[PDB]
Amino acid sequence: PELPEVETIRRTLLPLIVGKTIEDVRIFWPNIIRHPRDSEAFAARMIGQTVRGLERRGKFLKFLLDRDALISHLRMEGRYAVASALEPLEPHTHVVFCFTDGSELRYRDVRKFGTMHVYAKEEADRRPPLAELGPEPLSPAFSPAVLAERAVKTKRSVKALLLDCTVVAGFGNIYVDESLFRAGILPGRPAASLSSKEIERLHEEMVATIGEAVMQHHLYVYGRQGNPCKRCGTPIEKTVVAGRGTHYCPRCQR
DNA sequence: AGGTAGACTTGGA
DNA sequence: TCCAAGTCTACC
Ligand SMILES: [Zn+2]
């Protein structure tokens, strides 16, 4: 899920787990756990702790327990579910948090591509993967000035810049190409080649692209190669930029 | 030492 | 055979 969806998940999941106490943690794929290194340590430390809160930082969810914080990333195909321990698990379930009330918080992922890290609460923010995370795109902390500073300072493409989690949090391949199209900027453009007016415009479309998503479908370019541009009719093209598939309209973007 | 490549994972083109 | 995805860690 994208940032707006992770926020919806945060809001939806919280009341379903707040106040519950962990009685067991079952792990069917140890490598999902990145910290501590031993998945058995991860499981052991969480038992006995009660869920007190749930926050979001970019696309990461931060589950707040008594002493610890669980940092989890679903990436694109991961998903959570709260259900009864009495029912069979869904296919591809990799980690299950069992509560004392017989309910469970479950992480499933056909791609088995998610990650989890646990640290004492006070340390979470200064350790990977939250360390270095850029400002929230819908916050005052993400401004044209911030964007310009990073832009006129690197030799990378504007796309490579926007994909950088340390620049601003939350922009993956899709919102990057969409934002660039809406700002009228070619993705292969050097970040430094951007004029002041362009930076300002890009900041604006990034915020809109992020906010509009949540308080395919509605896509201008991503995955639409060979189809007419919805604004000018020119066929959308696809190329490789910053090592990623990149979609853009050669007429609308310059 | 910014910046790029590798590693992670596996259903499908 | 190889691409997709997001974000780390490994090194020119
Ligand atoms: Zn166009």
Side-chain angles (χ1 to χ4, degrees), chain A residues 1-7 9-10 27-39 42 56-62 69-80 90-95 107-119 123-137 147 149-151 153-180 187-193 206 209-210 213 219 221-227 237-247:
Chain A
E2 301 293 347
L3 185 153
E5 310 177 73
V6 171
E7 176 61 21
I9 287 169
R10 186 198 73 76
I27 298 160
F28 308 106
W29 194 252
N31 203 41
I32 296 297
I33 286 60
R34 298 298 163 86
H35 185 89
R37 283 69 171 191
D38 183 357
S39 58
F42 172 100
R56 172 188 68 69
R57 288 285 304 287
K59 279 175 291 204
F60 299 93
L61 280 183
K62 180 195 290 191
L70 157 66
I71 310 312
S72 175
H73 206 310
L74 297 173
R75 288 195 168 69
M76 202 54 52
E77 306 173 64
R79 293 203 182 197
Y80 302 101
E90 292 88 348
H92 309 300
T93 292
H94 303 124
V95 183
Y107 158 56
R108 65 180 191 289
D109 186 356
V110 63
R111 208 100 270 137
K112 197 193 286 176
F113 215 53
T115 52
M116 291 179 192
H117 297 77
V118 164
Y119 300 99
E123 211 191 9
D125 290 339
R126 57 184 161 86
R127 295 290 171 174
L130 298 182
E132 319 291 56
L133 180 61
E136 285 295 322
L147 194 58
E149 146 58 5
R150 293 303 291 282
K153 180 185 174 300
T154 172
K155 302 191 178 183
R156 291 178 300 172
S157 60
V158 61
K159 179 167 182 166
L161 185 76
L162 266 41
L163 284 174
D164 191 341
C165 64
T166 69
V167 174
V168 60
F171 286 77
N173 210 39
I174 299 174
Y175 288 166
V176 165
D177 288 7
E178 288 298 305
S179 297
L180 259 3
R189 290 273 307 286
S193 77
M206 288 180 73
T209 299
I210 271 295
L219 294 187
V221 299
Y222 189 79
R224 299 188 67 245
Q225 59 264 34
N227 293 71
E237 284 167 21
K238 178 172 176 181
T239 194
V240 176
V241 172
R244 307 293 292 283
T246 306
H247 320 68

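Lettering of chains follows the sequences in order, A, B, ..., and the numbering in each one begins at 1. The figures that follow rest on heavy atoms only: side chains count, while hydrogens, waters and symmetry mates do not.
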How are the rings of A:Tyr175 and A:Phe171 set relative to one another: parallel (under 30°), tilted (30 to 60°) or perpendicular (over 60°)?
perpendicular

Using side-chain hydrogen bond (donor to acceptor under 3.5 Å, both in side chains) as the criterion, list what pairs up with A:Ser72, not counting sequence neighbours.
A:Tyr80

Show the atom names and distances, to 0.1 Å, of all donor-acceptor pairs under 3.5 Å that link a side chain in residues 126-134 of chain A to residues at least two apart or in another chain.
unit_1: A:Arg126; atom_1: NH1; unit_2: A:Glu123; atom_2: OE2; d: 3.4
unit_1: A:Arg127; atom_1: NE; unit_2: A:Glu123; atom_2: OE2; d: 2.6
unit_1: A:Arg127; atom_1: NH2; unit_2: A:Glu123; atom_2: OE2; d: 2.6

State plainly whether the residues A:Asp109 and A:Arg75 are in salt-bridge range, i.e. N to O under 4.0 Å.
no

Please determine if A:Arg244 and A:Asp177 form a salt bridge, counting it only when a charged side-chain N lies under 4.0 Å from a carboxylate O.
no

Using a 3.5 Å limit for the pairing distances, which stems of at least 3 consecutive Watson-Crick or G-U wobble pairs does DNA chain B take part in?
B:3-13 with C:1-11

Which residue in the set A:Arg224, A:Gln225, A:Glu178, A:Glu237 passes side chain to side chain contact (heavy atoms under 4.5 Å, CB included) when paired with A:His247?
A:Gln225

In Å, rounded to the nearest 0.5 Å, how long is the span from CD1 of A:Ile9 to CD of A:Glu7?
10.0 Å

How would the sugar of C:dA5 be described, north or south, if a positive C1'-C2'-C3'-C4' means north and a negative one means south?
north

Taking the six-membered ring for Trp, are A:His73 and A:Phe60 closer than 6.0 Å centroid to centroid?
yes

Quick one: are A:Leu162 and A:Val168 in side-chain contact, heavy atoms under 4.5 Å?
no

Can you name the ring pair (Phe, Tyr, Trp, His ring centres under 6.0 Å) partners of A:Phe113, sequence neighbours left out?
none

Start and end of the DNA chain B segment that chain A contacts, any atom under 4.0 Å from a heavy atom
B:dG3 to B:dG11

Its contact letters, B for base, S for sugar-phosphate only and - for none at protein heavy atoms under 4.0 Å, make nucleotides 2-12 of chain C read --SBBSSS---

